[PDB]
Amino acid sequence: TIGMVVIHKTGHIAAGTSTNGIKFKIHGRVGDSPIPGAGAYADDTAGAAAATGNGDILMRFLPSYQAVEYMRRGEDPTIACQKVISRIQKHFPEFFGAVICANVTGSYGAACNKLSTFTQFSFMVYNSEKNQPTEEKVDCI
Amino acid sequence: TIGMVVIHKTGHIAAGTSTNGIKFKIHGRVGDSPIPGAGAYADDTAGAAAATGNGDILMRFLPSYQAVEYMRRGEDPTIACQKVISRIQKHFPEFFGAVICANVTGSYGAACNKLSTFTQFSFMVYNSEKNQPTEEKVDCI
Amino acid sequence: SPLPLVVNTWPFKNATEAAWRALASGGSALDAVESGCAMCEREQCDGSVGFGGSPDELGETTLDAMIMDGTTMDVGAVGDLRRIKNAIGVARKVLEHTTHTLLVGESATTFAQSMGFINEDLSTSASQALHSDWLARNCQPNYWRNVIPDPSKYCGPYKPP
Amino acid sequence: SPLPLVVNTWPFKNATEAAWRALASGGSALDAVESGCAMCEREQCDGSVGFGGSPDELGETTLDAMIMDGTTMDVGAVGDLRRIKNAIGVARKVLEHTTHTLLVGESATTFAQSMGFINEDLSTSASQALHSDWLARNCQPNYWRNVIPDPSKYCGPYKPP
Ligand SMILES: *[C@@H]1O[C@H](CO)[C@@H](O[C@@H]2O[C@H](CO)[C@@H](O[C@@H]3O[C@H](CO)[C@@H](O)[C@H](O)[C@@H]3O)[C@H](O)[C@H]2NC(C)=O)[C@H](O)[C@H]1NC(C)=O
Ligand SMILES: *[C@@H]1O[C@H](CO)[C@@H](O)[C@H](O)[C@H]1NC(C)=O
Ligand SMILES: *[C@@H]1O[C@H](CO)[C@@H](O)[C@H](O)[C@H]1NC(C)=O
Ligand SMILES: *[C@@H]1O[C@H](CO)[C@@H](O)[C@H](O)[C@H]1NC(C)=O
Ligand SMILES: N[C@@H](CC(=O)O)C(=O)O
Ligand SMILES: N[C@@H](CC(=O)O)C(=O)O
């Protein structure tokens with residue numbers, strides 16, 4: 001899955017995803033990806049977020065909607081994302097999942113669940129700051 | 001659509017909906033009803049909520065989820081449901097939508113956007129005190 | 001304050017009580033939510049639940065339905081269920097028999113069939129009568145925009161401008 | 001903190017590149033997000049995006065995609081999009097030519113053909129084989145539960161005991 005967040009020069013935000021799903025899914029299965037509030041969410045008055053991972057589990061907690069909801073409440077993009085991972089985490093300690101967060105002013109961040117086989121989440125950031133995209137990695141929690 | 005919320009005596013909660021969509025929808029259209037968090041959402045640590053109305057607008061605001069998040073603060077059901085309707089109301093002054101809320105103790109409530117063709121919402125209720133299913137009603141805001 | 005509790009949208013009494021009876025026999029909340037909702041499927045509550053109503057542009061009836069286990073927070077959902085009546089019935093089956101949340105379309109029909117659900121046309125003369133008058137009203141209303149021929153005046157098939 | 005800003009999941013440099021180029025050309029967030037994801041569909045980023053990857057139980061690949069405008073807060077989405085490679089392209093259409101939000105399955109394919117999308121096979125000898133290796137391993141892993149034969153050991157057809 002590719003989850004993307006974009007804030008136009010004029011301050012407009014958009015979020016989107018495109019995926020082929022999880023391997024060997026039951027014929028007809030739709031995950032969290034095309035679901036507003038689950039796979040991605042965008043709000044010009046708050047921010048945007050996008051999740052990736054075990055959609056079956058993810059979908060049921062609306063990660064992107066809650067990441068934006070916290071940033072709307074006025075929270076650091078990273079802290080909004082980490083809180084979202086912590087809430088699902090409490091319910092599924094071994095769930096595979098990662099989220100990217102970004103507020104209306106251009107600050108961003110991410111968070112992920114710490115598993116034996118996934119301790120870092122790499123995500124691409126392209127910004128005026130560095131006219132060139134640069135991969136970033138956040139340690140999982 | 002029939003949005004239904006149930007709280008067993010043990011204190012365990014359930015929620016659900018069933019519908020046939022909106023008349024003359026494009027072949028293959030799916031709305032808020034089957035989407036967890038939008039058409040209905042239930043959590044044993046806070047409460048539940050179901051929604052009915054125009055699924056195309058509602059689905060983007062995850063009414064059932066947000067109603068539950070308010071109640072998760074201890075917000076009164078009528079108010080959590082009322083606040084939700086208002087968030088949507090800002091963006092689409094003419095939206096058709098109604099939601100029923102109930103917290104973990106058995107307190108219920110409901111709310112609806114006031115349109116000149118939708119001014120009051122009737123919902124059924126069933127609990128000990130009354131026994132006999134009682135038809136409630138709320139004036140739209 | 002007084003438990004148990006049942007709350008449904010719209011004045012569907014027969015459903016409310018079908019749910020209470022479920023609780024009466026010491027059924028689970030989930031059991032109660034399936035019985036109440038499914039009851040409106042048979043009754044086609046206000047023609048907004050169940051078969052024989054709300055036909056899409058092609059005249060077919062497609063059902064959406066979900067059920068959520070508040071304890072584990074597990075979901076059973078169907079979107080675009082074709083040729084299967086007990087929509088929420090199929091939804092409990094996704095909760096109970098797969099680690100998934102949502103299955104859709106003719107694919108969800110094949111799953112439903114394995115679960116023992118009877119494949120059958122969801123159309124009635126009434127559902128079609130509604131479809132024909134619509135065609136006669138130039139498919140008004142409809143949900144298209146920015147397509148030729150004008151969506152507000154003509155029926156499709158439409159093409160992007 | 002300075003704009004514009006493009007952030008995406010995974011080290012998918014090319015998608016990031018594709019989206020940024022949209023904005024440079026005067027494109028909008030929507031065009032930027034569509035370019036980013038459409039790029040990962042052609043490249044099949046990790047085989048977790050686009051065609052020829054993650055085949056279901058019947059060996060078919062089905063795509064899920066969505067686009068969301070934060071200004072109007074409108075959404076265009078597709079689920080179980082069958083036989084169409086540019087998923088995010090079709091989702092953008094549901095957003096601009098319909099008042100709906102989600103279109104799924106083989107019904108969504110029709111829509112995409114109406115919009116001008118080439119109806120084609122999403123299978124590839126790679127995914128075709130990825131599925132046979134899967135079947136030879138007795139369908140492991142799968143997402144069933146509470147059925148027979150035991151999902152932890154055998155292939156389907158499954159059924160409730
Ligand atoms: C988007 O997220 C960023 C990062 O969380 C927010 O930026 C931070 O903004 C705060 C509030 O302006 C700044 O801290 C304040 O620092 C001043 C120093 O003069 C002090 O007076 C206050 O007591 C507090 O410490 C902080 O420096 C700044 N951090 C960064 C990294 O930029 C931003 O406000 C968020 N935007 C929105 C619209 O929510
Ligand atoms: C349920 O609603 C009433 C009214 O708001 C409130 O007093 C009660 O404490 C609520 N339940 C919980 C668990 O907060
Ligand atoms: C249940 O409700 C329907 C809906 O109008 C009504 O026609 C029917 O008589 C009721 N059935 C029973 C057993 O009361
Ligand atoms: C991105 O760059 C190349 C350039 O065409 C492309 O083949 C591939 O998708 C990506 N390459 C690598 C090494 O990630
Ligand atoms: N979210 C995808 C999986 C992923 O992000 O890789 C799905 O479950 O459909
Ligand atoms: N929410 C349903 C319609 C309704 O509940 O009235 C739908 O749009 O699918």
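Cut-offs used in this document
Residues numbered from 1 in each chain as written, not as in the entry; some residues may be left out. Chains lettered and ligands numbered in written order. Heavy atoms only, no water. Contact = heavy atoms within 4.5 Å. Salt bridge = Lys/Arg side-chain N within 4 Å of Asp/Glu carboxyl O. Polar contact = N/O pair within 3.5 Å; in protein donor to acceptor, adjacent residues only side chain to side chain. Helix = DSSP H or I, 4+ residues; strand = E, 2+ residues; numbered from the N terminus. Nonpolar A, V, L, I, M, F, W, Y, C, P; charged D, E, K, R; others polar. Pairing = 2+ DSSP bridges. Near = heavy atom within 4 Å. Buried area = accessible area lost by both parts, 1.4 Å probe. Disulfide = S-S within 2.5 Å. UniProt positions renumbered as here; feature names shortened; annotations may be inferred. Buried < 20%, exposed > 50% of the residue type's maximum accessible area, 1.4 Å probe, protein only.

In terms of determination method and resolution, the entry is listed under X-ray crystallography at 2.3 Å.

Asks: Mind showing me how you'd approach the interface of chain B and chain C here?
Replies: One widely used convention gives an interface's size as the accessible area the parts lose upon coming together. Taken together, the 58 residues of chain B in the interface contact 68 residues of chain C. In this assembly, chain B and chain C are joined by zero salt bridges. Our count for the contact surface shared by chain B and chain C stands at 31 residue pairs in polar contact. Listing elements by their share of the side of chain B that touches chain C, those giving two or more residues are β1 (4-7), β2 (13-19), β3 (29-30), β4 (40-43), β8 (120-127) and β9 (131-139) of chain B. Considered class by class, the residues forming the side of chain B that touches chain C number 28 nonpolar, 22 polar and eight charged. Sheet topology places β1(B) next to strand β1 (residues 5-9) of chain C; four bridges connect them, and they run antiparallel. Note that in β1(C) the partner of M4(B) across the bridge is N8(C).

Asks: What am I meant to see in the site of ligand 5 here?
Replies: Residue and element names in this part refer to chain A. All residues adjacent to ligand 5 are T1, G21, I22, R29, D32, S33, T52, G53 and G55. One nitrogen or oxygen atom from the side chain of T1 is found 3.0 Å from an oxygen atom belonging to ligand 5. Within the backbone of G55, one N or O atom sits 3.1 Å away from an oxygen atom of ligand 5. Taken together, the residues of the shell around ligand 5 break down into one nonpolar, six polar and two charged.

Asks: Is there a simple way to explain the interface of chain B and chain D in this structure?
Replies: Listed as interface residues are 13 residues of chain B and, on the opposing side, twelve residues of chain D. Summed over both sides, the interface between chain B and chain D buries roughly 1,200 Å², with carbon and sulfur atoms accounting for 62% of that surface. Summed over the shared surface of chain B and chain D, the result is one salt bridge. Between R60(B) and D74(D) there is a salt bridge, and its shortest N-O distance comes to 3.0 Å. Along the contact surface separating chain B from chain D lie eight residue pairs in polar contact. Partitioning the side of chain B that touches chain D into residue classes produces six nonpolar, three polar and four charged. Across two bridges, the pairing between β3(B) and strand β4 (residues 102-104) of chain D is antiparallel. Within β4(D), the residue paired with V30(B) across the bridge is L102(D).

Asks: Help me understand the UniProt feature "disulfide bond" in chain C in this model?
Replies: Residue and element names in this part refer to chain C. Formation of the UniProt disulfide linking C40 with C45 is confirmed by an inter-sulfur distance of 2.0 Å, under the 2.5 Å limit. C45 matches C40 in its accessibility class, with the two residues each being buried. In these coordinates the annotated UniProt disulfide of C139 and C155 is reproduced, with an SG-SG gap of 2.0 Å that lies under 2.5 Å. Of this pair, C139 sits in the segment after α5 (125-136) while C155 sits in the segment after α5, placing them 16 residues apart in sequence. With relative accessibility at 3%, the residue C139 sits in the buried group. The partly exposed category is assigned to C155, whose relative accessible area is 23%.

Asks: It is not clear to me how the UniProt feature "active site" in chain A should be interpreted in this structure. Could you clarify?
Replies: As recorded in UniProt, the sites labelled "active site" are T1(A). Secondary-structure assignment places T1(A) in the segment before β1 (2-7). When its relative accessible area of 16% is taken as the criterion, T1(A) is described as buried. With sequence-adjacent residues up to four places away left out, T1(A) is seen in contact with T17(A), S18(A), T19(A), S33(A), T52(A), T9(D), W10(D), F12(D), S48(D) and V49(D).

Asks: So what exactly am I meant to see when it comes to the pattern of salt bridges here?
Replies: When the charged atoms of two side chains with opposite charge come close together, those side chains can pair. All chains considered together, the criterion is met by 35 salt bridges over all chains. For the salt bridge of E60(D) with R82(D), the shortest nitrogen-to-oxygen distance reads 3.0 Å. Highlighted residues: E60(D) in the loop between α2 (29-42) and β2 (63-69) and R82(D) in the loop between β3 (75-81) and α3 (87-97), separated in sequence by 22 residues. On the accessibility criterion, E60(D) (17% relative accessible area) is buried. Bridged by salt links that share partners, the residues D43(A), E69(A), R72(A), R73(A), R87(A), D43(B), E69(B), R72(B) and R87(B) form one connected network.

Asks: Teacher, can you tell me more about the state of the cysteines here?
Replies: In a disulfide, the sulfur atoms of two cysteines are held together by a covalent bond. Under the defined criterion, the tally for this structure stands at eight disulfides over all chains. Residue pairing for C40(C): its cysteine sulfur links by disulfide to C45(C), the two sulfurs lying 2.0 Å apart. What sets the handedness of the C40(C) and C45(C) disulfide is the S-S torsion sign, and at about -80° it is left-handed. The residue that forms a disulfide with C139(D) is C155(D), at a sulfur-sulfur distance of 2.0 Å. Note on the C139(D) and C155(D) pair: the S-S dihedral is about 95°, so by sign convention the disulfide is right-handed. Along chain C, the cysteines engaged in disulfide bonds are linked according to the scheme 1-2, 3-4 when indexed in sequence order. Free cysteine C37(D): the closest other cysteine sulfur is in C40(D), separated by 7.4 Å. Classification of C37(D) by relative accessible area gives buried; the value is 0%.

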